[PDB]
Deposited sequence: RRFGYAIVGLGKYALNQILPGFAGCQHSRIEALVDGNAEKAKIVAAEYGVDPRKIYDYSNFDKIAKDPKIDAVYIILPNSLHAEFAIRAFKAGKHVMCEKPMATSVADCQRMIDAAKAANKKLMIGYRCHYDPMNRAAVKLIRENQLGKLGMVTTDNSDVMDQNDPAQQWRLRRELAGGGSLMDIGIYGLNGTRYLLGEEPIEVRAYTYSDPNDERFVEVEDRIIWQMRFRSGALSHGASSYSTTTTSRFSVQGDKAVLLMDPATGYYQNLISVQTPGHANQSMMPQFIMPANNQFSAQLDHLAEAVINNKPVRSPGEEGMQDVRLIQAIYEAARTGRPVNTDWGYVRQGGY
């Protein structure tokens, strides 16, 4: 490995999925850690074999600029802190890997891209599904016209949000989160509908409801259903939920056949099947090594901040629709650089 990563935020996703993910990389390596807790970091640094000399925090973060071995930083902090460290990261002349959602604002999304252009460094959002062989296979068979003309997409993404003092979970603060289940996980359905169909929604409608007596959803929504229409005439209906167990299910209906992905966006072995009348590339690794190679070849990354912005913007539209009860035009010429 010759591409150094600086992991910012040693939380659940970092510790459980990302750090272990490095094991399969073939270019990436954990060069430095960052966290508001040295004790934790220490144990971590040891654990993954990183010299404790590279354990920073949110104060001396900018210090990374003086370490050329640190090719890039990987933000894995609450959504609101995304833009802050993304820019500071670019200011230190380093490529950025930012987790989804890109940010809690469309503005910050644009700002981040700016900073990136400035520092002349790459900005990649954590859409691991864009590096999951299973999803890529689904996409392949759809493009090979095995479903025929696509007409109805259906998505659902849910998981029970811990009730343990909602004041604790940053996902339940509109400030740190930016939204409820949609921002957190529905985004997988939204994002998937787009790359599965290979096009953008031109119109959007939605509705949301959260129990008024549930302490968890005082700031962020629990359940929200959205419906979209595309230029090709394809349609979709999806939802995200914070009060029902694990659900990761996508269905794509064509005139020839129907595709079923269940689980669709899970951490381990996703399943896809077709109804007609992962060789050395787990998502995590492939995601990390994808930013590396992009740099090592000046080639554009598959999941740019422009894509992360498109989702955030759509997510706003969807929330707007749910708020007004009216459809919302989203036909603003966005275009997937590189494809889906």
- Query: Where along the deposited sequence are residues missing from the model?
  - Reply: 278 to 289
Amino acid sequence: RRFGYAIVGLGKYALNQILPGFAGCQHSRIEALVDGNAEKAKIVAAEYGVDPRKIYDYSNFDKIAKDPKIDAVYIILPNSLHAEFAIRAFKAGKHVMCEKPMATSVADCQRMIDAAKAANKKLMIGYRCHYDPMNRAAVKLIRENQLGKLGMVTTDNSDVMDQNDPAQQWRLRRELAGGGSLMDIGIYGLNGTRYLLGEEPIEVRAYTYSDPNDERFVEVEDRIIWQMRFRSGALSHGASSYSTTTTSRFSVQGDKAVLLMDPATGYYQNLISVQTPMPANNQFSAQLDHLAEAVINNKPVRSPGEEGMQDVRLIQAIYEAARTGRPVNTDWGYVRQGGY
From here on, numbers count along this sequence of modelled residues.
- Query: Per the PDB record, is the mean Cα temperature factor higher over 83 to 91 or over 232 to 240?
  - Reply: 83 to 91
- Averaging the C-alpha temperature factors as deposited, the higher value of 191 to 199 versus 71 to 79 falls on 71 to 79
- Message: I'd like to know which of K42, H27, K66, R313 has the highest C-alpha temperature factor in the PDB entry.
- Response: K66
- Selection by C-alpha B-factor (highest) of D214, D262, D156, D184: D214
- Note on the structure: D222: C-alpha B-factor third of its chain, per the entry, is the lowest
- Item | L288 by Cα B-factor - lowest, middle or highest third of the modelled chain | middle
- Item | Where the record places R205 (Cα B-factor, split into thirds across the chain) | middle
- Task: Pull the Cα B-factor of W170 out of the PDB entry and bin it into the chain's lowest, middle or highest third.
- Result: highest
- Of the three thirds of Cα B-factor ranks in this chain, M97 occupies the middle
